[PDB]
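Just one chain is shown here, as structure tokens, and it is the form deposited in one PDB entry.
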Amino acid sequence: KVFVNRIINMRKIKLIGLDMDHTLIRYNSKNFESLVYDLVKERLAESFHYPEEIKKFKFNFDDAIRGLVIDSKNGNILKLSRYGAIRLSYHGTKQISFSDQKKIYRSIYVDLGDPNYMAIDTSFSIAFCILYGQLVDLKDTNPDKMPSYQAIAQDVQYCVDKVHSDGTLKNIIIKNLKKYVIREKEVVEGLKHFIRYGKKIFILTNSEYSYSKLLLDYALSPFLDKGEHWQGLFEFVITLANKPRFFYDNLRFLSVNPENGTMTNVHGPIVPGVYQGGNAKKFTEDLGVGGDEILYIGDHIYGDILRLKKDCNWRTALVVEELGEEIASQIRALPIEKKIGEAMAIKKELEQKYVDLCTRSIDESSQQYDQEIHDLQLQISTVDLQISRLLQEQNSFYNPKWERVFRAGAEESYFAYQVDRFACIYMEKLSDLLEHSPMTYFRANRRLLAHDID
């Protein structure tokens, strides 16, 4: 239910901070992504005068997965490993051959230090990868009509940001709430469960208060009892947090009058209430607590991991919605996984008898097992072909284009690495955590190195 990377004693936590959207309030990711895609697509032709055709682009949710990286320079989308090696790549929607991948990058690795790459985990990655993919396909068709790959990417990023602060996005959903947000009673039960154990919960969102009030009201209030209000659930509600800068920057707080919505500058320490802007530094101080006593839970890293972890110090946990289907798919592939595990053991011992009757014809003899081993080279190619098919069968249980989110080839993917480094704890959704005792001591499993003995 809850996965541990680093120890975190919930008994030592006095405040739990929650991202409002996608963390505290769940959204139908498929609909939400589709919506953002349509708006950004529309906005491209409306303010950037992109080719008419794009309005006709079909949105396929499975065209991308979470954790992908795009290099704005070459209009490519890559799935990297934990150390930045290219597992697979596409130029637009056209896959790049391993051969040509190496000719393109002069290496199997890439350097994310190079800003020409977009490697930040964001809540729109998927939509942005799908639109960008087909967006560079158009570009190729008639280079003279559309800007450059790096220009296109910057444009899409701009539209994606504008629409979020434009009001465009929030309005469409605030009027189709039942379609975009999925309510969950367990969430309010969990918050009450934790508050009941002395925990103080606060939320910080990049959304304005007016819109935040409407949303919390719709997704929390209904599950409350008579005489209860969602406002009593949170010690603080920081709006327009301006994450990630909120964590390591120094932007000032604005006290928000919950009624009229007007604000005043903050003088002195902050007190339970509604604010806008701010920074973790001042907030941790005013609360008179140590950063290791504060736990923040978000849905996306949304920033550079080293600066976030070094320049902040709050314990950080992650909610990874894609985990739902990832786990589900692995449980489904169990029987297939087993059939290849045994088809490997056979290829192993069968390949072992091959080197044996091999380290003879040229280690003790000089010719005698010539035909003896040849029967193994054919019997080994057979057990191999079986494995290729069994692998095809396994992939069918995952995204057909990009495979799993946490795996890149057989090792952990670049995204798996980000979760591991950024999060001490991660789960599918917020309630998975609230299900546990507010005084739980989370322990990580012993990693175990290659030269370690059981």
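Numbering starts at 1 and runs along the sequence shown. If you superpose the two forms and keep the largest set of C-alpha atoms that fall within 1.5 Å, you have the rigid core.
This protein has a second form, the form deposited in another entry, left out of what is shown; the following refers to that one.
Visitor: Hey, after the core superposition between this form and the one not shown, which of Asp292, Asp217, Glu349, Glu285 has the C-alpha moving 2 angstroms or more?
Guide: Of all the options, the C-alpha that shifts by at least 2 Å belongs to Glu349.
Visitor: Aligning on the rigid core, do we see the C-alpha of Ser361 shift 2 angstroms or more between this form and the one not shown?
Guide: True for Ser361: a C-alpha shift of 2 Å or more.
Visitor: Is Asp114 displaced by at least 2 Å at its C-alpha between this form and the one not shown when the rigid core is overlaid?
Guide: No: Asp114 shifts by under 2 Å between this form and the one not shown.
Visitor: Is it true that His374 shifts between this form and the one not shown by 2 Å or more at the Cα, once the core is aligned?
Guide: Yes, shifts by 2 Å or more.
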